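Novice: Below you'll find the sequence and an experimental structure to go with it.
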Amino acid sequence: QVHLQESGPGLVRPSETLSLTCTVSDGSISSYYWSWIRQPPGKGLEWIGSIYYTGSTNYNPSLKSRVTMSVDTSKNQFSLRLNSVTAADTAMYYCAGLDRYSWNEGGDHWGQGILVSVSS
Amino acid sequence: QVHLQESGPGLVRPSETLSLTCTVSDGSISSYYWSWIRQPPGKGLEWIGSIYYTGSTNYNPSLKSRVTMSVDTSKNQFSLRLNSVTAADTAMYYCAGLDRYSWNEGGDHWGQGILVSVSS
Amino acid sequence: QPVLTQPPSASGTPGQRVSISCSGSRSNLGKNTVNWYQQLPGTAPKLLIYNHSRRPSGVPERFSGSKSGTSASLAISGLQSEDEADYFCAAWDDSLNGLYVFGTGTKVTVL
Amino acid sequence: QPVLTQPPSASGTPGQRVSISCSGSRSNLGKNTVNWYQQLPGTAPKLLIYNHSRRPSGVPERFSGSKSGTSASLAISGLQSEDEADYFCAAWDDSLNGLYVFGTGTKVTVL
Amino acid sequence: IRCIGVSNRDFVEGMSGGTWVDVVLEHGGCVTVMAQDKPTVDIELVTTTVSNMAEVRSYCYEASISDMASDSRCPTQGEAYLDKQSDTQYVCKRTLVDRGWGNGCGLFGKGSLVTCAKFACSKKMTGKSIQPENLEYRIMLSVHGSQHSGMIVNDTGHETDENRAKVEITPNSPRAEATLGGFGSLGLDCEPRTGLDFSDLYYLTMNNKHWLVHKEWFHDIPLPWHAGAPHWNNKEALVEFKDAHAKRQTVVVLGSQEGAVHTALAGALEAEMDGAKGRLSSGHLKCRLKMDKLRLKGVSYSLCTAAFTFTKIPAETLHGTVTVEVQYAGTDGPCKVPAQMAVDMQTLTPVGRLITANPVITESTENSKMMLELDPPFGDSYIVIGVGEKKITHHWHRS
Amino acid sequence: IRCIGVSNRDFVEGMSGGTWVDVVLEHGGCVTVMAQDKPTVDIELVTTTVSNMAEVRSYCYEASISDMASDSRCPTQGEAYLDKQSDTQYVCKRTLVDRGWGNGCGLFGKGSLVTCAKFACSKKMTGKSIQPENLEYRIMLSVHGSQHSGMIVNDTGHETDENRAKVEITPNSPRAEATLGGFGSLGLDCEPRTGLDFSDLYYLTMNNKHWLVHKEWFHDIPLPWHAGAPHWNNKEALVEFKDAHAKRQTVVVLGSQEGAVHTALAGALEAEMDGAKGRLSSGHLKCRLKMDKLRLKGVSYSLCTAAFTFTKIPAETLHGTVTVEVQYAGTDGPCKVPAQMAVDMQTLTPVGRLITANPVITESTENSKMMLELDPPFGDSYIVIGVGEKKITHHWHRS
């Protein structure tokens, strides 16, 4: 019954902070390499970054310039911060628990997705 | 109480062996350095040689060429032999007890003397 | 990053069998798992295949995956008109910190 | 053999005192005893003085000897016509093996 | 996998339902810990490193002498004295010698004679205190399931290999976490403060030679010594005074005691120096291991369908287990290695239990090496690995 | 004067009229032997020389190794052996080591392991047996009367000097006669066979250091040794084999035992070598001395008539005698130095005894120095030397 669901401002002004959180229910927050993915319409998918429940920090080399990700072990949630957002970052954001080593039955898991636009 | 008396041939042939003996009476043969003296008529006295009862041999260096002395501890006598006698050695020979170590009362002791001649 | 080159347009009539290629490098497929996804527009891609042809409950038996040294393939037996969509292959990479890279995408269209 | 040196001629009337010298080196007088003898012709010399003015029983009191560092002396007090004889000084020598050297002799004469 | 073969191996099993598990790690000893629904991991204390040693007391085993001097006195005139008796680099002694005309005295009795010699040490040893505060325990952790025999002896590339990790615990940081990749993470709560009182020993340093001796033995050395950082006490141990016809006195040193100590040290624990830090070869350490955060790796995998090949002779260990080296030419990996024993090939009943819990193959590449451990039942059984018609079967018997 | 100062001085007096006198000669000790109407002479045993020593057994106290090699064996393959175990220059030992897959063996258990190291000795010590047959005793005799103060320390020219004479006694010629010049000759008929049993000892020769050790201690040495002319036994004394947790084996030699031997030797009778002939510093010896052939020198001499002058302070020795140094300006020498004690001048009662038997002056030259010894009786006495009106008199008292 595990379920992932995005939550956050669907519209933001440019040069602002794109903040997104994602709560995990009926699941341990320590059981996955929780990650974020994006996909602009027309182009391919772009994996945003990963962070582990102990605090293991991993960024996309193409996005590590302005990505800062946080995870709350208590509230069973993990967050995301993106400063200095451009109009080109208008994409559809998903939170997902990616299995870095494929050791878990069922494999990866995905939420429902949110399309975020920036108005300038 | 010691008494010395010479004994030997009063006449000898030239170039022969001049043999002389000397008896010590009422006296120990081990208590003196028994010696012989000679005197050519006109010249002074000439000490012939000395011998100790153990056998310590001492000759006049001017006569050591042909002087041989022997001593018998048992018979209380000591002897003298002079080989190759010349006409010039015609002298009066004496045996006398010289005290080399100052160990006996009275000091030295002398006999009666015998004149030995060689006829050519 | 050696860019993955795929043919842009794949076509075929109903009833045919169509396989999709997915070629990678030594850093990603030689040590990690391979996943496939079917992309529908306006929504998030849904997991079809994870961890060498296992499927969670609800995914039919008609699908099956397969991996090679540096290339991945997906076989679609019993093609249907409902299967016309974009397909992406995603697999872990053992690069600098560990990245999840997606494929370039291939349009599949029924005549 | 270092010869013992004596003065040749000693003379004197009855009642006078006459001394006799005998000069040597350390080898004879400097380490050993000195003996004197009165030589009468045709007989054996008689001991007068031995061991630095000691006289055996029978030697009168008129005679007396004496030794110095390298010289020896013999004194005849109360000269008599019967004391005219040859006199020799004899002393042991500490040479190579030990020799007994005599003096040159000194004539004593009544005037 | 380094516990496989060492005689001092203990198999501990916590109580059913309990959370805490205590272990005791000894030098040269190895503990193979198991838990229900948890992986079997080997943990061994390899080396103990003590730092920040400071000087306590130094003994001299080779000395040198020079500048001897004498002084004598007549009987009953009192004792003899020289100015260097108040000089701490000299060692003296008064004795009794017979004195009289030949020596130059006018009395009846013994005359005092004193003789001094300049003290100097040629080669010396140093004892250094071992502070339990500046003390480091280095632990190595090794997991089963992978890491074939080629990983038994390998010390280059430990920064890059995730299966192997070096652990260091000091009284300043008694907790450390092991990054273990697929198997999760293990807790290590060790008690260096209540493990062994290393305060009752000294760390001796000879001429580049190093031992561990009793502190009772170190203070009983009959040799010249000085404490800390020279002021030497007990000079009489290395010097002989020869009496020379009761007129003069001569001084001589004794030969080098380096060999006499090396023989007496037979029994003492040896050590070596890694530059300035000294490592030990004895001592134990109590630790507490966390089973909560430690996870398995491969319980959802299917059984390895491709064929297996016996590459090496299956052999037995000192405790009853069977290891086998094999080659999996298959490419469907990572896969769960099918391993169990059967006493009846018709019933194929899974008897006993796997020691390496859930052995798994990682790489999908062919010609890869892999080894696993098995626990057969007492008596008759058959080692059957694989599934289907390409499974491989081996014979084995217990007792 | 050579007995003056040694504590071990004995005053022996033969029977009145007897010829034989027995004495006991010790090393460093001095016996003043006296006889009626005979001179006072000192007899002392100076050196004991043992010759013709040959090697018996050699111990190694510093060794060296080179070119070591190893070989190990698999479990159940038997015990380990190498071709040099049959080579007597090597020392080996078998142990049990853990073998397995990583080591190259196909079983788990104890495997036999033997390791040898090439043994070689650089410097060695040798113990030599002491034959009483090859034994030489040197005795020195010394007469009084001369040898003024400049002769106290003078050892060159005794072959020409008649007062002093060197004696040598061996079993092939146990008799020797001492040339005494004016005093005659003294006999020394000694019994070396019944003096001290040196058969229960050994002669140790260290690195230019030499001792006299027990035969019980010498056969108990735990060091490598070889018999006769080499076959080495007990090699393990110098080599330690530390086993390393039953897996590896190292071999090291022990340091030089030069110091360990010097410590145990504290108490043993020491000796030294005169090149190739060995000298001893312990042992006693009984001898029989002949007074018959011993003569005086100066009984017929005159009495010293000239005056004396006190050159030095009359002092005492350790045994009760009185010495006086005086200078003889007289030229009537050689003369009997007038010395005596008197309680009554009319009876001329001889009290005490004369130590310097018949004191005589040698040189007749003035300003010559000479010193003599005197023995007053217990209680009151008067030091009276000289004769006539110019004699010098001093007071003296005993106890």
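Specialist: Received, thanks. Residues are numbered from 1 along each chain as shown, chains lettered A, B, ... in the order given.
Novice: ok, the residue nearest to residue E:72 when sequence neighbours are not counted - contacts?
Specialist: Setting aside the residues directly before and after it, residue E:72 is nearest to residue E:113 in space (CB to CB, 6 or more residues apart in numbering or on different chains), at 4.8 Å. Backbone N, C-alpha and C define where each C-beta goes, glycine included. By CB atoms under 8 Å, 6 or more residues apart in numbering or on different chains, the contact list for residue E:113 reads E:70-73, E:80, E:94-97, E:246-249.
Novice: Now do residue A:27 against chain C, distance only.
Specialist: Distance of residue A:27 to chain C, given as CB to the nearest CB, to the nearest Å: 15 Å.
Novice: Starting from residue C:46, give me the distance back to the residue lying closest to that residue once chain neighbours are set aside.
Specialist: In this structure, residue A:27 finds its nearest non-sequential neighbour in residue A:2, 4.7 Å apart by CB to CB, 6+ apart. From residue A:2 over to residue C:46 the distance is 15 Å, taken as CB to CB, to the nearest Å.
Novice: again, but for residue E:48
Specialist: Residue E:48 is 55 Å from residue C:46, by CB to CB.
Novice: Show me which of these two is the more surrounded one.
Specialist: Higher neighbour count among residue E:48 and residue C:46: residue E:48, with 22 against 11, using other CB atoms under 10 Å in any protein chain shown.
Novice: quick one: contacts for the closest residue to residue E:193 other than its chain neighbours?
Specialist: Closest residue in space to residue E:193, ignoring its immediate chain neighbours: residue E:171 at 6.1 Å, by CB to CB, 6+ apart. If you count contacts by CB under 8 Å, 6+ apart, residue E:171 has them with E:132, E:133, E:135, E:192, E:193.
Novice: In helices only, show me those residues.
Specialist: In helices, defined here by DSSP state H, there are no members of the contacts of residue E:171.
Novice: from the residues you listed, which is closest to residue F:375?
Specialist: Nearest to residue F:375 among the contacts of residue E:171 is residue E:132, at 79.3 Å by CB to CB.
Novice: Settle this for me: the closest one is touching residue E:196, isn't it.
Specialist: No: counting by CB atoms under 8 Å, residue E:132 stays clear of residue E:196, with 9.0 Å between them.
Novice: ok, and for the helix or strand that contains residue A:78, which residues are buried?
Specialist: For residue A:78, the element it lies in under DSSP states H and E is strand A:77-82. Neighbour-count burial for strand A:77-82, with 16 or more other CB atoms under 10 Å in any protein chain shown as criterion, is recorded at A:77, A:78, A:79, A:80, A:82.
Novice: Could you single out the nearest of those residues to chain D?
Specialist: Taking CB to the nearest CB as the measure, chain D sits nearest to residue A:78 out of the buried residues of strand A:77-82, at 129.0 Å.
Novice: With adjacent residues omitted, what lies nearest to the closest one?
Specialist: Nearest non-adjacent residue to residue A:78 (CB to CB, 6+ apart): residue A:71, at 3.9 Å.
Novice: and that neighbour, what element?
Specialist: Using DSSP H and E, residue A:71 falls in strand A:67-72.
Novice: With residue C:66 instead?
Specialist: strand C:63-67.
Novice: Tell me which strands the next helix or strand along the chain from that strand pairs with, and in which orientation.
Specialist: Note on strand C:63-67: by DSSP H and E, the next helix or strand toward the C-terminus is strand C:71-76. On the basis of DSSP bridges, the sheet neighbours of strand C:71-76 come out as strand C:18-23 (antiparallel), strand C:63-67 (antiparallel).
Novice: Return the shortest one as CSV; C-alpha atoms alone will do.
Specialist: This means strand C:63-67. Output of strand C:63-67 as CSV, limited to C-alpha atoms (Å, rounded to 0.1, in the frame of the first residue of the first chain):
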residue,chain,number,x,y,z
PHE,C,63,6.2,-8.5,-20.8
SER,C,64,9.7,-9.8,-20.3
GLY,C,65,13.1,-8.2,-20.1
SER,C,66,16.7,-9.2,-20.8
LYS,C,67,20.1,-7.7,-20.2
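Novice: Residues contacting that strand, please?
Specialist: C:29, C:34, C:36, C:48-49, C:52-53, C:55, C:72-77, E:331-332, E:364.
Novice: repeat that for 10 Å
Specialist: Taking contacts as CB atoms under 10 Å, 6 or more residues apart in numbering or on different chains, the residues outside strand C:63-67 that touch it are C:19, C:22, C:24, C:29, C:33-36, C:38, C:48-55, C:72-78, C:89, C:91, E:331-333, E:364.
Novice: what's the answer for stretch C:73-81, then?
Specialist: C:12-23, C:34, C:36, C:38, C:48-49, C:53, C:60-67, C:83, C:87, C:89, C:108, C:110.
Novice: Quick one: buried ones out of the residues you listed?
Specialist: C:18, C:20-23, C:34, C:36, C:38, C:48-49, C:53, C:63, C:65-67, C:87, C:89, C:108, C:110.
Novice: three-state assignment of the residue of chain A found nearest chain F?
Specialist: Distance from chain F to each residue of chain A (CB to the nearest CB) is smallest for residue A:101, at 27.4 Å. The three-state label given to residue A:101 by DSSP: H, G, I helix; E, B strand; the rest coil is coil.
Novice: Residue C:73 - how many residues pack around it?
Specialist: With other CB under 10 Å as criterion, residue C:73 counts 17.
Novice: And for residue E:370?
Specialist: Neighbours of residue E:370 (other CB under 10 Å): 24.
Novice: My read is that it contacts residue E:362, right?
Specialist: Yes: using CB atoms under 10 Å, residue E:370 is in contact with residue E:362, at 8.4 Å.
Novice: center of chain E, which residue is that?
Specialist: residue E:281 (1.4 Å; CA atoms, centre = their mean).
Novice: residues in contact with that residue?
Specialist: E:27, E:28, E:47, E:48, E:212, E:269, E:270, E:271, E:272, F:242, F:244, F:245.
Novice: And these, which is closest to residue F:389?
Specialist: residue E:212 (92.7 Å).
Novice: and the closest one, what are its bridge partners?
Specialist: Beta-bridge partners, per DSSP bridges, of residue E:212: residue E:203, residue E:269.
Novice: C-terminal to the strand holding residue A:78, what's the next element?
Specialist: Beyond strand A:77-82 toward the C-terminal end (DSSP H and E), the next one is strand A:91-98.
Novice: at contact distance from chain C, anything in the next helix or strand after that following strand?
Specialist: Using DSSP H and E, the next helix or strand after strand A:91-98 towards the C-terminus is strand A:109-110. Yes: applying CB under 10 Å from any CB of the partner chain, one finds strand A:109-110 touching chain C at A:109, A:110.
Novice: So which residues make contact with strand A:109-110?
Specialist: Counting by CB under 10 Å, 6+ apart, A:2-4, A:24, A:27, A:32, A:34, A:37, A:94-99, C:37, C:44-47, C:50, C:56 sit against strand A:109-110.
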